[PDB]
Amino acid sequence: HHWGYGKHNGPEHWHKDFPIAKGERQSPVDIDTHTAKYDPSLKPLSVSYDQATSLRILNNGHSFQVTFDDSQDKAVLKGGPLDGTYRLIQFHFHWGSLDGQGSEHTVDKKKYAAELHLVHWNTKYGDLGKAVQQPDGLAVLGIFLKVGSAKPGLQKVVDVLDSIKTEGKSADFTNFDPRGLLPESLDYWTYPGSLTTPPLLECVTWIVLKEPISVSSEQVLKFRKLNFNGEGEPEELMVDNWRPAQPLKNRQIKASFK
Ligand SMILES: CC(=O)/N=c1\sc(S(N)(=O)=O)nn1C
Ligand SMILES: [Zn+2]
Ligand SMILES: [Zn+2]
């Protein structure tokens, strides 16, 4: 990709090829707890990942991503702020050059060590391609990572990262259960926003979980061994692959909990 996260191709440059970068509904945002008010009309989130079928894990040059078979309603997200049903297509992470930063969303300006994004598309639009053209096309479930005890459900992921060090490497990754990446509580904040990488389309209902998952320092250090560059190219270490908080502008963030 021509775009990246460095001085010369990072988030400050993106608007030149993707003008919507300066749009009215851009993500991520800061979640200000004084103003993210409880809404009693919000429903409990429904996560049904039991039949999730993972396929591949890859380094795409901006993150590492695990893909899923989205051909039927195997793993779906519904309820919450969502009308209808959204199929899981992939998850990936954003992380920092140190434990003190790396998340895209912030909470009262505080940055977590990383952020997991589980990406889902609205089945009423037929496929991902048409879905991304609709303001309610995607639902992304965002989960913060803090450094603490190890997350057993992340171990299968951490264990193959050394085999996909550079951009374009990938590996077989079947039978991975994404339920193992979820915290205890499904309490959430929600707001209308965008994809946080190009093309930055404003097609996302964001659902950000209040409770972070804990991963061990040992686990998150493996994230930081990845490279933005392809094999044979000059080394550019994949850290700080997060877009900074964008202005909330005229939007409202709602909380599912008090
Ligand atoms: C196909 C697809 O899921 N693209 C995505 S997911 C995403 S993110 N970082 O979850 O908001 N950004 N983009 C461009
Ligand atoms: Zn890409
Ligand atoms: Zn993301």
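When a residue number appears, it is its place in the shown sequence, counting from 1. Numbering of ligands and ligand atoms starts at 1, following listing order. Reckoned from all heavy atoms, side chains included, excluding hydrogens, waters and symmetry mates.
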Checklist entry - What is the closest protein heavy atom to atom 11 (O) of ligand 1, and at what distance does it sit? => result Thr196 N, 3.0 Å

Checklist entry - Just distances here: any N/O of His92 and N/O of ligand 1 closer than 3.5 Å? => result yes

Checklist outcome for this item: So the atoms of ligand 1 within less than 4.0 Å of a heavy atom of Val119 turn out to be 3 (O), 6 (S), 10 (O)

Checklist entry - So which of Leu116, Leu195, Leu201 gets nearest to atom 5 (C) of ligand 1, if we judge by its closest heavy atom? => result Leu195

Next on the checklist: Suppose you place the vertex at the Zn ion (ligand 3); what is the angle out to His92 NE2 and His117 ND1, to 10°?
Outcome noted: 120°

Checklist entry - Does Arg243 come within less than 4.0 Å of ligand 1, judged by its heavy atoms? => result no

Checklist entry - Can you list the atoms of ligand 1 that are under 4.0 Å from a heavy atom of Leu128? => result 1 (C)

Item to check | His94-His117 aromatic ring centre distance below 6.0 Å | outcome: yes

Exercise answer: donor-acceptor pairs, residues 23-30 side-chain atoms, under 3.5 Å, sequence neighbours excluded:
from, atom 1, to, atom 2, distance (Å)
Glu24, OE2, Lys249, NZ, 3.3
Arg25, NH2, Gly193, O, 2.5
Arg25, NH2, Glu202, O, 3.3
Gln26, OE1, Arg243, NH1, 2.8
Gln26, OE1, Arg243, NH2, 3.3
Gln26, NE2, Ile20, O, 3.0
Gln26, NE2, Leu200, O, 3.1
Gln26, NE2, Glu202, OE2, 3.1
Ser27, OG, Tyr191, OH, 2.8
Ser27, OG, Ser194, N, 3.0
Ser27, OG, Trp206, NE1, 3.1
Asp30, OD1, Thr106, OG1, 2.6
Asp30, OD1, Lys109, N, 2.8

Item to check | Verdict with reasoning, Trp189 to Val107, per side chain to side chain contact (heavy atoms under 4.5 Å, CB included) | outcome: CA-CA 10 Å; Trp189 292 286; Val107 180; 4.0 Å; yes

Item to check | Main-chain N/O of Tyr112 paired with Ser103 side-chain donor or acceptor, under 3.5 Å | outcome: yes

Item to check | Exam field: side chain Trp95 to backbone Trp242, donor-acceptor pair closer than 3.5 Å | outcome: no

Next on the checklist: Tell me the contacting part of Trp206 for ligand 1: side chain, backbone, both, or neither, using a 4.0 Å heavy-atom threshold, strictly below.
Outcome noted: side chain

Item to check | Atoms of ligand 1, numbered as shown, that sit under 4.0 Å from any heavy atom of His94 | outcome: 9 (N)

Checklist outcome for this item: Heavy-atom proximity to atom 13 (N) of ligand 1, picking from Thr197, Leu138, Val204, points to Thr197

Item to check | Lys254 charged N/C atom sitting above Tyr38 aromatic ring, 6.0 Å / 45° | outcome: no

Checklist entry - Numbering the atoms of ligand 1 from 1, which are under 4.0 Å from a heavy atom of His117? => result 8 (S), 9 (N), 10 (O)

Checklist entry - Within 45 degrees of the axis of the six-membered ring of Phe144 and under 6.0 Å from its centre: does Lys111 put its NZ or CZ there? => result no

Checklist entry - Is the shortest side-chain N to carboxylate O distance from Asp70 to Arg87 below 4.0 Å? => result no

Checklist entry - Is it true that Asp177 and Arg179 make a salt bridge, defined as a side-chain N closer than 4.0 Å to a carboxylate O? => result yes

Item to check | Under-4.0 Å heavy-atom contact with ligand 1, by part of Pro198 that carries it | outcome: backbone

Next on the checklist: Quick check for you: with the Zn ion (ligand 2) as the vertex, what angle do NE2 of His1 and NE2 of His62 span, to 10°?
Outcome noted: 100°

Item to check | For atom 3 (O) of ligand 1, closest protein heavy-atom neighbour | outcome: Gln90 NE2, 3.1 Å

